[PDB]
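Report on the structure given below.
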Protein chains: 4
Amino acid sequence: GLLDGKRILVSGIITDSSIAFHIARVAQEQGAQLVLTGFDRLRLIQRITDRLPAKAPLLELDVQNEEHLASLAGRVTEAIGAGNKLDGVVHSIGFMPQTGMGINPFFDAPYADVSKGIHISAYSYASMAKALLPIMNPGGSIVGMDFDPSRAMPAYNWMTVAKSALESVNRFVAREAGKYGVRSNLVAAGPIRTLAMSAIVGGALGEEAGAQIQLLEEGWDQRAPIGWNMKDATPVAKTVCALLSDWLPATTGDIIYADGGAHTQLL
Amino acid sequence: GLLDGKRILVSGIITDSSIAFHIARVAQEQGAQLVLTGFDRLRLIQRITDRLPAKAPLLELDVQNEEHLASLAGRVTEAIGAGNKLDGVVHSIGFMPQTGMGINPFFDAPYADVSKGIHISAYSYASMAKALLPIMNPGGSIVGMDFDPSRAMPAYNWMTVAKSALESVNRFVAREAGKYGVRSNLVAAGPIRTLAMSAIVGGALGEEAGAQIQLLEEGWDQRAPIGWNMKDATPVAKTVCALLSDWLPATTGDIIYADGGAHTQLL
Amino acid sequence: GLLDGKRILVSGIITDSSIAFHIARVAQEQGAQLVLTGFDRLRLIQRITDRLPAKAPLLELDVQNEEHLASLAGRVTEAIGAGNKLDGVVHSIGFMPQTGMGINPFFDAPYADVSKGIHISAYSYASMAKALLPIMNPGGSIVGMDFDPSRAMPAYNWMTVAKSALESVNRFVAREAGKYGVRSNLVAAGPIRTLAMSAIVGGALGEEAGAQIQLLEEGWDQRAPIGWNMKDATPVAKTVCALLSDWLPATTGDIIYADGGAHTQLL
Amino acid sequence: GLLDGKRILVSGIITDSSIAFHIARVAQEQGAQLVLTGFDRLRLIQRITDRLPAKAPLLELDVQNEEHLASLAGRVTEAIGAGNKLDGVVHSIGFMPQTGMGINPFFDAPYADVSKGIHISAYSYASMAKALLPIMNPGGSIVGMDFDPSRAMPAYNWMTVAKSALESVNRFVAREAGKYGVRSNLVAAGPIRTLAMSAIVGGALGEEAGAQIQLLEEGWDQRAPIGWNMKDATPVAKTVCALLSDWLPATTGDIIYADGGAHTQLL
Ligand SMILES: NC(=O)c1ccc[n+]([C@@H]2O[C@H](COP(=O)([O-])OP(=O)(O)OC[C@H]3O[C@@H](n4cnc5c(N)ncnc54)[C@H](O)[C@@H]3O)[C@@H](O)[C@H]2O)c1
Ligand SMILES: NC(=O)c1ccc[n+]([C@@H]2O[C@H](COP(=O)([O-])OP(=O)(O)OC[C@H]3O[C@@H](n4cnc5c(N)ncnc54)[C@H](O)[C@@H]3O)[C@@H](O)[C@H]2O)c1
Ligand SMILES: NC(=O)c1ccc[n+]([C@@H]2O[C@H](COP(=O)([O-])OP(=O)(O)OC[C@H]3O[C@@H](n4cnc5c(N)ncnc54)[C@H](O)[C@@H]3O)[C@@H](O)[C@H]2O)c1
Ligand SMILES: NC(=O)c1ccc[n+]([C@@H]2O[C@H](COP(=O)([O-])OP(=O)(O)OC[C@H]3O[C@@H](n4cnc5c(N)ncnc54)[C@H](O)[C@@H]3O)[C@@H](O)[C@H]2O)c1
Ligand SMILES: O=c1[nH]c(CC2CCCCC2)cc(O)c1-c1ccccc1
Ligand SMILES: O=c1[nH]c(CC2CCCCC2)cc(O)c1-c1ccccc1
Ligand SMILES: O=c1[nH]c(CC2CCCCC2)cc(O)c1-c1ccccc1
Ligand SMILES: O=c1[nH]c(CC2CCCCC2)cc(O)c1-c1ccccc1
């Protein structure tokens with residue numbers, strides 16, 4: 001197994017279609033002892049997380065909560081037993097109000113909405129890193145989830161911007177985590193049909209967008225030289241796991257692209 | 001004259017060292033009729049703007065003010081006389097609290113600061129464009145000011161993040177301005193010794209940073225194949241003008257690099 | 001005029017659909033005294049260049065010809081009269097054998113074809129700079145023609161690579177040119193329907209590719225936030241002029257994009 | 001083992017300081033059955049390759065040799081037993097005449113030298129792919145060796161350009177290899193002190209550059225958030241192996257950076 005005896009925090013599970021859930025599963029299948037966090041809906045997360053091939057402690061973590069954040073390292077230490085440190089952390093957290101995505105015009109997103117988006121989507125990356133870097137072993141690795149925001153695109157809107165922040169934050173976090181012998185990197189994933197993502201494809205965030213969501217998806221698989229299955233979250237998790245392994249030991253401040261190579265091709 | 005009879009909004013003047021000042025001057029020398037906005041210190045700005053080779057209306061513009069924002073278009077219309085439109089707008093606005101720059105550690109910037117920074121430095125770019133696109137002529141052209149945030153650097157901290165956001169916002173603004181026959185572009189400039197930038201090199205934002213500011217600055221000129229004078233904001237202003245001109249007519253959502261070629265060179 | 005009393009070398013006219021032909025025209029309209037070079041078909045070029053709004057000398061220039069290259073500066077000096085130096089040079093040259101574009105498979109282009117393509121398409125760019133830097137005024141500007149090769153694409157094949165070479169060559173030329181107070185830059189244009197580009201859309205380089213050429217071209221205009229007319233070379237020429245002007249004075253080793261903002265958008 | 005019972009071709013061993021050697025060793029420790037190719041000095045490679053923890057067939061491969069190329073897949077077949085297919089191919093081949101590197105002036109490299117360089121350094125990558133794609137299993141992965149050429153630099157010269165070709169060639173190969181279920185990617189490695197690399201630091205390619213090599217190297221480690229050890233080729237090799245594994249299954253046409261994070265940092 002590729003993650004034997006590595007202790008790993010994983011945030012961002014909410015359904016079994018979450019990228020994070022699939023990250024968790026693969027992690028465990030490679031021998032990792034996990035520590036999970038979730039947000040708001042503890043009663044639901046707990047029951048979802050029982051499906052993972054292995055029981056793992058779940059802790060509450062709103063990243064907008066200065067307390068949850070302050071207490072964090074303590075409660076992680078309590079969950080894994082003192083004298084022990086984390087080998088890897090998974091940021092797979094993201095949020096944007098519907099005023100900043102879909103058919104709803106770019107200009108009409110009020111800053112209170114966007115800001116919160118960025119707080120959760122981008123800032124929390126450093127917040128998590130700040131809380132956990134104290135309890136991280138040399139060799140350790142933080143990873144977060146990204147969607148390629150170099151070129152603008154329809155619908156994705158302010159969420160594109162948050163991701164633009166996030167890649168740049170990532171780079172500063174690699175400066176700090178560096179000091180503890182810890183890598184930080186992002187995984188730029190092609191689209192994944194989460195429950196969330198399947199709603200948008202039934203009417204949720206509008207009508208003009210829901211066609212542009214499917215158009216995006218289809219064009220992804222067309223540009224990807226090896227192809228892209230939005231219904232399979234595994235190759236993204238496997239990539240994540242390889243950044244949590246000891247096998248990319250010279251890679252920090254960076255973005256790995258698990259996208260079937262689609263960003264590398266124009267048509 | 002390169003900007004004959006083009007009417008152009010210019011924001012971001014506060015001293016005669018402001019890049020925006022230098023932009024306005026060169027714009028006028030080129031036959032542009034200007035409209036100026038300032039923030040907070042109107043009594044000071046007004047008396048600074050008398051040094052420009054031509055009197056030009058001065059309006060109040062705090063970009064965190066929903067009112068100032070809503071009323072802008074009309075007060076501009078009033079400023080230049082109805083039946084006339086702007087041909088060009090200059091975002092040259094930016095801010096970040098000293099918890100998010102200089103010696104002060106990256107992780108110790110609380111979110112209320114960082115957000116405020118991004119609101120002024122980045123969100124405002126779309127705020128402004130939303131307010132001004134209605135009153136902009138076909139062939140029109142927006143510009144914002146940029147510092148190259150693709151690599152992380154010491155000191156520049158959360159400002160870098162703000163800048164990565166901005167670049168991304170630019171590209172969305174391009175989508176919108178497009179619909180009006182209007183180009184959107186950024187000028188990523190080398191460092192310019194403003195009053196603020198002389199204070200940082202006198203003690204302001206720490207001691208460790210003040211040598212890294214001078215180490216950044218010296219490295220810029222070294223890496224620049226034509227050289228870089230941080231004392232001279234003219235070439236930066238000239239570049240902005242040429243985006244305001246009619247001569248880069250197929251350029252939008254972009255960043256032009258006024259940095260003496262330093263980002264194209266490693267050593 | 002924008003190029004008043006600037007003397008300027010232009011290469012790569014062969015027809016009045018040549019980007020370089022349009023470059024020439026716009027340059028003269030702006031007041032530039034030109035010096036042209038042509039390849040192989042001098043009798044045809046001469047007669048084509050009689051359509052420009054001004055008579056300008058014509059020189060023979062094969063860029064694979066070491067002699068033509070060694071003698072160049074001298075014949076340029078003789079054309080523009082001794083004691084006078086060029087203020088600007090335009091590379092608008094490029095060539096790739098059909099085994100290295102269109103429907104013909106990527107793997108089947110033998111190296112002697114690929115090499116020649118790079119010789120003309122990429123190496124010459126420095127071969128030209130090497131010849132002409134000696135006789136270039138401080139403040140002077142070189143420019144070459146580019147098509148954005150950062151992502152792969154169907155058909156464009158080994159030309160794509162020749163472009164990647166040329167981008168990188170550009171950045172070194174910037175090092176040398178800088179020693180003379182001379183900028184070097186590239187204009188990454190969208191597709192232009194030259195005579196050569198209309199033949200590919202008639203049947204020239206296959207049948208599969210010709211559909212992908214039209215599909216590329218159509219996607220371009222669709223992606224372009226201000227739009228893209230592949231029948232009008234003008235904006236590309238204007239942009240070139242702006243790099244030959246005094247107005248982008250701190251720009252070197254770079255690529256400006258005259259593509260209607262299409263590379264900044266995914267969909 | 002990470003590469004259990006995977007069959008892998010590895011090119012570019014010439015000394016035990018060769019990255020390729022280090023690539024071979026770690027691949028075997030992971031359970032890969034290797035097939036090696038060498039150039040020109042077969043008697044010396046054979047005896048150097050006896051040091052690898054496992055005996056492996058050695059074949060002759062000059063990539064400038066149309067025959068060697070044509071006969072390749074067959075001889076490989078013959079080396080591993082018919083009915084069997086490669087799961088991996090390592091391009092770790094590079095060359096450039098001293099007229100195109102070091103203190104020797106950029107402009108003085110004649111095109112016969114440059115072209116050879118590109119032939120070996122760049123074109124060959126697709127040559128190899130053309131030869132072996134016929135005999136590669138679905139799931140298979142090609143990898144080549146890169147030095148980040150996005151910004152120019154001193155000494156590195158025409159090799160830089162070759163690399164710029166290679167990254168572009170890479171992307172097209174991904175197109176072709178895609179059709180076989182095969183991934184193509186490059187690894188952008190920091191500097192490795194090979195034997196060749198210690199010569200240059202003794203006197204070989206000049207005096208001015210021999211300081212610029214050591215200046216480059218020192219800056220690399222300075223810039224690297226987790227640091228960079230030019231005397232240890234291991235982490236490079238491990239990264240290579242990770243791309244040869246099944247753990248980056250959605251990654252093609254790309255560059256992974258094994259450079260300690262130095263290209264994501266400015267200072
Ligand atoms: N699904 C895709 O197509 C795709 C592609 C690339 C990147 N990503 C990224 O993956 C990450 C998650 O994607 P997903 O598809 O699994 O969505 P998801 O809803 O399954 O996961 C997002 C998580 O954000 C959490 N969250 C929201 N507000 C929070 C707060 N204040 N504090 C802490 N957590 C909070 C939710 O609990 C949820 O678990 C996001 O960053 C997204 O940008 C997704
Ligand atoms: N100085 C540099 O080295 C450098 C280099 C590249 C880019 N830039 C960018 O150019 C712009 C200005 O640079 P400068 O050196 O002229 O600095 P400056 O301080 O002269 O300009 C910043 C301006 O921001 C304005 N401002 C602050 N808060 C505001 C608000 N709420 N609403 C409206 N305006 C507000 C001030 O009035 C001021 O004129 C910034 O965007 C900056 O990031 C600066
Ligand atoms: N047409 C497009 O869509 C497009 C798009 C982007 C960039 N470009 C670039 O613009 C440039 C010219 O494009 P174009 O559409 O005008 O094609 P064109 O055929 O009109 O111009 C190319 C020139 O190459 C010249 N040439 C060929 N071999 C030569 C040699 N050995 N020595 C000197 N000159 C030689 C020809 O005389 C010709 O004028 C090329 O560099 C091309 O890559 C073209
Ligand atoms: N050492 C570094 O600092 C460094 C950094 C980044 C990338 N790289 C890359 O790694 C690869 C090898 O680097 P290295 O330092 O191990 O050098 P090396 O000399 O040990 O490997 C280069 C190989 O090229 C081979 N070769 C030359 N001409 C050939 C031909 N016609 N056909 C087949 N093989 C031929 C040589 O036999 C040699 O084994 C190259 O791609 C190089 O660009 C090296
Ligand atoms: O659902 C997403 N999907 C995508 C990719 C989508 C959006 C663009 C159009 C289709 C693909 C990115 C992304 O960041 C998310 C996301 C947003 C908020 C919270 C969790 C996940
Ligand atoms: O003064 C600046 N200077 C720089 C360049 C300096 C500072 C970072 C490190 C040295 C170079 C960038 C920048 O965004 C600013 C800036 C900050 C606040 C408001 C407006 C502009
Ligand atoms: O004609 C071209 N056209 C384009 C743009 C076209 C080709 C790619 C697909 C559609 C756009 C690029 C290009 O490099 C060329 C070109 C080819 C030979 C010589 C000089 C220039
Ligand atoms: O030796 C190299 N060294 C480097 C990195 C060096 C060169 C630039 C300055 C110091 C780092 C790259 C590279 O491709 C090579 C190389 C070139 C040809 C054959 C084998 C190896």
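Residues are referred to by chain and number: the chain letter is A, B, ... according to the order shown in the structure tokens, the number counts from 1 in that chain, and ligands are numbered separately from 1 in the order shown.
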
Secondary structure check, strand (DSSP E) residues of stretch 42-210 of chain C, as a PDB file with N, CA and C atoms, in the first residue's frame:
ATOM      1  N   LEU C  58      13.544  47.214 -52.539  1.00  0.00           N
ATOM      2  CA  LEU C  58      13.325  45.790 -52.377  1.00  0.00           C
ATOM      3  C   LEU C  58      14.661  45.072 -52.423  1.00  0.00           C
ATOM      4  N   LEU C  59      14.900  44.227 -51.428  1.00  0.00           N
ATOM      5  CA  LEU C  59      16.153  43.484 -51.337  1.00  0.00           C
ATOM      6  C   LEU C  59      15.867  42.010 -51.379  1.00  0.00           C
ATOM      7  N   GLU C  60      16.827  41.241 -51.873  1.00  0.00           N
ATOM      8  CA  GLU C  60      16.696  39.798 -51.876  1.00  0.00           C
ATOM      9  C   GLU C  60      17.165  39.218 -50.542  1.00  0.00           C
ATOM     10  N   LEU C  86      18.280  51.839 -38.989  1.00  0.00           N
ATOM     11  CA  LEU C  86      16.892  51.372 -38.895  1.00  0.00           C
ATOM     12  C   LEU C  86      16.336  51.611 -37.503  1.00  0.00           C
ATOM     13  N   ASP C  87      15.061  51.966 -37.419  1.00  0.00           N
ATOM     14  CA  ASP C  87      14.395  52.116 -36.124  1.00  0.00           C
ATOM     15  C   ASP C  87      13.474  50.932 -35.749  1.00  0.00           C
ATOM     16  N   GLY C  88      13.320  49.974 -36.674  1.00  0.00           N
ATOM     17  CA  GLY C  88      12.393  48.836 -36.544  1.00  0.00           C
ATOM     18  C   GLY C  88      12.538  47.781 -37.645  1.00  0.00           C
ATOM     19  N   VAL C  89      12.405  46.500 -37.269  1.00  0.00           N
ATOM     20  CA  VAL C  89      12.517  45.330 -38.178  1.00  0.00           C
ATOM     21  C   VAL C  89      11.322  44.394 -37.979  1.00  0.00           C
ATOM     22  N   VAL C  90      10.769  43.859 -39.061  1.00  0.00           N
ATOM     23  CA  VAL C  90       9.606  42.971 -38.947  1.00  0.00           C
ATOM     24  C   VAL C  90       9.855  41.600 -39.547  1.00  0.00           C
ATOM     25  N   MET C 136      21.218  49.335 -35.944  1.00  0.00           N
ATOM     26  CA  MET C 136      19.963  49.737 -35.277  1.00  0.00           C
ATOM     27  C   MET C 136      20.126  50.823 -34.212  1.00  0.00           C
ATOM     28  N   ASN C 137      19.339  51.883 -34.370  1.00  0.00           N
ATOM     29  CA  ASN C 137      19.283  52.971 -33.409  1.00  0.00           C
ATOM     30  C   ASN C 137      18.767  52.491 -32.067  1.00  0.00           C
ATOM     31  N   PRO C 138      19.379  52.979 -30.972  1.00  0.00           N
ATOM     32  CA  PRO C 138      18.760  52.970 -29.651  1.00  0.00           C
ATOM     33  C   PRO C 138      17.300  53.383 -29.695  1.00  0.00           C
ATOM     34  N   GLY C 139      16.454  52.582 -29.071  1.00  0.00           N
ATOM     35  CA  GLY C 139      15.029  52.852 -29.031  1.00  0.00           C
ATOM     36  C   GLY C 139      14.338  52.002 -30.065  1.00  0.00           C
ATOM     37  N   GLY C 140      15.140  51.374 -30.932  1.00  0.00           N
ATOM     38  CA  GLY C 140      14.651  50.554 -32.052  1.00  0.00           C
ATOM     39  C   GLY C 140      13.902  49.309 -31.608  1.00  0.00           C
ATOM     40  N   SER C 141      13.143  48.700 -32.519  1.00  0.00           N
ATOM     41  CA  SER C 141      12.256  47.607 -32.135  1.00  0.00           C
ATOM     42  C   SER C 141      12.186  46.559 -33.207  1.00  0.00           C
ATOM     43  N   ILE C 142      12.453  45.305 -32.832  1.00  0.00           N
ATOM     44  CA  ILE C 142      12.182  44.154 -33.687  1.00  0.00           C
ATOM     45  C   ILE C 142      10.808  43.565 -33.330  1.00  0.00           C
ATOM     46  N   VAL C 143      10.165  42.908 -34.299  1.00  0.00           N
ATOM     47  CA  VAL C 143       8.898  42.189 -34.105  1.00  0.00           C
ATOM     48  C   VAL C 143       8.854  40.963 -35.025  1.00  0.00           C
ATOM     49  N   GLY C 144       8.342  39.833 -34.532  1.00  0.00           N
ATOM     50  CA  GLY C 144       8.109  38.646 -35.370  1.00  0.00           C
ATOM     51  C   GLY C 144       6.674  38.144 -35.303  1.00  0.00           C
ATOM     52  N   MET C 145       6.266  37.305 -36.251  1.00  0.00           N
ATOM     53  CA  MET C 145       4.889  36.818 -36.250  1.00  0.00           C
ATOM     54  C   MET C 145       4.718  35.442 -35.588  1.00  0.00           C
ATOM     55  N   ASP C 146       3.703  35.317 -34.731  1.00  0.00           N
ATOM     56  CA  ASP C 146       3.479  34.121 -33.916  1.00  0.00           C
ATOM     57  C   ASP C 146       2.026  33.597 -34.007  1.00  0.00           C
ATOM     58  N   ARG C 183      14.253  46.771 -28.276  1.00  0.00           N
ATOM     59  CA  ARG C 183      13.273  45.798 -27.825  1.00  0.00           C
ATOM     60  C   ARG C 183      13.140  44.646 -28.842  1.00  0.00           C
ATOM     61  N   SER C 184      12.742  43.459 -28.363  1.00  0.00           N
ATOM     62  CA  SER C 184      12.259  42.369 -29.234  1.00  0.00           C
ATOM     63  C   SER C 184      10.968  41.786 -28.682  1.00  0.00           C
ATOM     64  N   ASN C 185       9.969  41.583 -29.539  1.00  0.00           N
ATOM     65  CA  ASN C 185       8.640  41.059 -29.134  1.00  0.00           C
ATOM     66  C   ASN C 185       7.982  40.215 -30.239  1.00  0.00           C
ATOM     67  N   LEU C 186       6.930  39.482 -29.882  1.00  0.00           N
ATOM     68  CA  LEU C 186       6.152  38.687 -30.853  1.00  0.00           C
ATOM     69  C   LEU C 186       4.654  39.017 -30.805  1.00  0.00           C
ATOM     70  N   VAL C 187       4.017  39.052 -31.972  1.00  0.00           N
ATOM     71  CA  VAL C 187       2.571  39.220 -32.040  1.00  0.00           C
ATOM     72  C   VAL C 187       1.902  37.892 -32.352  1.00  0.00           C
ATOM     73  N   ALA C 188       1.180  37.381 -31.366  1.00  0.00           N
ATOM     74  CA  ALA C 188       0.526  36.126 -31.518  1.00  0.00           C
ATOM     75  C   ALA C 188      -0.841  36.445 -32.068  1.00  0.00           C
ATOM     76  N   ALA C 189      -0.946  36.337 -33.394  1.00  0.00           N
ATOM     77  CA  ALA C 189      -2.182  36.667 -34.095  1.00  0.00           C
ATOM     78  C   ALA C 189      -3.146  35.503 -34.151  1.00  0.00           C
TER      79      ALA C 189
END

Residues of chain D within 6 Å of chain C, only C-alpha atoms counted, as a ChimeraX atom specification
/D:130,152,161,164-165,168,171-172

Residues within 9 Å of residue A:6, only C-alpha atoms, excluding chain neighbours under 2 positions, as a PyMOL selection string:
chain A and resi 3-4+8+31-34+86-88+244-245

Surroundings of ligand 8 up to 8 Å, based on only C-alpha atoms and all ligand atoms, as a PyMOL selection string
chain D and resi 93-96+121+145-147+153-156+159-160+163+190-194+196-197+212-214+216-217

Please, could you write that set of residues out with C-alpha atoms as an mmCIF file, in the first residue's frame?
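After the write, out.cif holds the following:
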data_model
loop_
_atom_site.group_PDB
_atom_site.id
_atom_site.type_symbol
_atom_site.label_atom_id
_atom_site.label_comp_id
_atom_site.auth_asym_id
_atom_site.auth_seq_id
_atom_site.Cartn_x
_atom_site.Cartn_y
_atom_site.Cartn_z
ATOM 1 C CA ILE D 93 18.110 11.866 -24.100
ATOM 2 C CA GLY D 94 19.712 15.306 -24.673
ATOM 3 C CA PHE D 95 22.589 16.866 -26.696
ATOM 4 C CA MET D 96 23.766 20.277 -27.965
ATOM 5 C CA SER D 121 16.955 16.802 -27.874
ATOM 6 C CA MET D 145 13.318 14.925 -19.357
ATOM 7 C CA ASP D 146 12.964 18.715 -19.298
ATOM 8 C CA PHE D 147 14.565 21.874 -17.933
ATOM 9 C CA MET D 153 18.620 32.428 -18.886
ATOM 10 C CA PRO D 154 22.372 32.822 -19.204
ATOM 11 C CA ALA D 155 24.513 30.018 -20.717
ATOM 12 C CA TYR D 156 21.570 27.644 -21.266
ATOM 13 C CA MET D 159 19.368 24.027 -25.426
ATOM 14 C CA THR D 160 16.673 26.245 -23.867
ATOM 15 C CA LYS D 163 13.427 22.307 -24.558
ATOM 16 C CA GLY D 190 16.146 21.247 -11.309
ATOM 17 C CA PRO D 191 19.855 21.037 -12.058
ATOM 18 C CA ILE D 192 21.581 17.720 -11.458
ATOM 19 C CA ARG D 193 25.350 17.529 -10.945
ATOM 20 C CA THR D 194 26.162 14.865 -13.504
ATOM 21 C CA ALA D 196 29.214 16.503 -17.477
ATOM 22 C CA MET D 197 27.804 19.006 -14.924
ATOM 23 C CA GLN D 212 26.682 31.474 -13.862
ATOM 24 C CA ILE D 213 26.154 27.698 -13.487
ATOM 25 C CA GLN D 214 27.076 27.857 -9.814
ATOM 26 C CA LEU D 216 22.078 29.297 -11.057
ATOM 27 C CA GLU D 217 22.487 26.286 -8.824
#

What's the separation between atom CA of residue A:229 and atom CA of residue D:128, in Å to one decimal place?
29.2 Å

Would you return as an NGL selection string the members of stretch 47-258 of chain D that DSSP assigns to alpha helix (DSSP H) on this structure's backbone?
:D and (47-48 or 66-80 or 111-118 or 124-132 or 157-178 or 195-200 or 208-223 or 234-244)

For residue A:14, please output as a list in words all residues within 8 Å (counting only C-alpha atoms; exclusion window: fewer than 5 positions along the same chain).
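So, after excluding close chain neighbours, the residues are residues 38, 39, 41, 44, 45 and 48 of chain A.
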
Output of the above residues as a short mmCIF file (atom, residue, chain, number, x, y, z; two decimals), in the first residue's frame, restricted to N, CA and C atoms:
data_model
loop_
_atom_site.label_atom_id
_atom_site.label_comp_id
_atom_site.auth_asym_id
_atom_site.auth_seq_id
_atom_site.Cartn_x
_atom_site.Cartn_y
_atom_site.Cartn_z
N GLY A 38 -15.78 17.85 8.61
CA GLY A 38 -16.96 18.19 7.81
C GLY A 38 -17.59 19.46 8.34
N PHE A 39 -18.63 19.94 7.66
CA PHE A 39 -19.19 21.24 7.98
C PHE A 39 -20.70 21.20 8.16
N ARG A 41 -23.44 19.88 8.76
CA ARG A 41 -24.36 18.74 8.77
C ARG A 41 -23.67 17.48 9.27
N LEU A 44 -25.57 13.98 9.19
CA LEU A 44 -25.51 13.40 7.85
C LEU A 44 -24.12 12.90 7.45
N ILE A 45 -23.08 13.71 7.66
CA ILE A 45 -21.71 13.29 7.33
C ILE A 45 -21.30 11.96 8.00
N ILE A 48 -22.86 9.05 6.32
CA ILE A 48 -22.26 8.86 5.01
C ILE A 48 -20.87 8.22 5.11
#

Length of the atom CA of residue C:209 to atom 44 (C, counted along the ligand's line) of ligand 3 vector [Å]
16.8 Å

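Coordinates place atom 28 (N, counted along the ligand's line) of ligand 2 at a distance of 19.8 Å from atom CA of residue B:76.
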
For residue B:53, please output as a VMD selection string all residues within 10 Å (counting only C-alpha atoms; exclusion window: fewer than 3 positions along the same chain).
chain B and resid 24 to 26 28 to 29 49 to 50 56

Output N, CA, C and O atoms of each residue in that selection to a file, as a tab-separated table (two decimals), in the first residue's frame.
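Once written, again-v1.tsv looks like this:
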chain	number	residue	atom	x	y	z
B	24	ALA	N	-2.47	60.21	-16.45
B	24	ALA	CA	-3.23	61.40	-16.81
B	24	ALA	C	-2.40	62.40	-17.63
B	24	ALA	O	-2.82	62.80	-18.72
B	25	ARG	N	-1.23	62.79	-17.12
B	25	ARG	CA	-0.34	63.73	-17.83
B	25	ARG	C	-0.11	63.33	-19.29
B	25	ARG	O	-0.37	64.12	-20.20
B	26	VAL	N	0.35	62.09	-19.51
B	26	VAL	CA	0.70	61.60	-20.85
B	26	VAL	C	-0.55	61.51	-21.72
B	26	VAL	O	-0.51	61.77	-22.93
B	28	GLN	N	-3.11	63.52	-21.57
B	28	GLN	CA	-3.45	64.90	-21.97
B	28	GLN	C	-2.51	65.45	-23.05
B	28	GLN	O	-2.98	65.91	-24.10
B	29	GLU	N	-1.21	65.40	-22.79
B	29	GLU	CA	-0.20	65.59	-23.83
B	29	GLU	C	-0.61	64.92	-25.15
B	29	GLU	O	-0.20	65.36	-26.21
B	49	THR	N	-3.88	67.83	-8.54
B	49	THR	CA	-4.27	67.70	-9.96
B	49	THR	C	-4.15	68.99	-10.78
B	49	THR	O	-4.31	68.97	-12.01
B	50	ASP	N	-3.87	70.11	-10.09
B	50	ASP	CA	-3.64	71.40	-10.76
B	50	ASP	C	-2.31	71.42	-11.50
B	50	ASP	O	-2.11	72.25	-12.39
B	56	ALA	N	-9.12	69.45	-15.27
B	56	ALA	CA	-10.00	68.33	-15.61
B	56	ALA	C	-10.86	68.06	-14.39
B	56	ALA	O	-10.32	68.09	-13.28

Counting only C-alpha atoms and all ligand atoms, figure out which residue out of C:117, C:12, C:102, C:178 gets nearest to ligand 3.
C:12
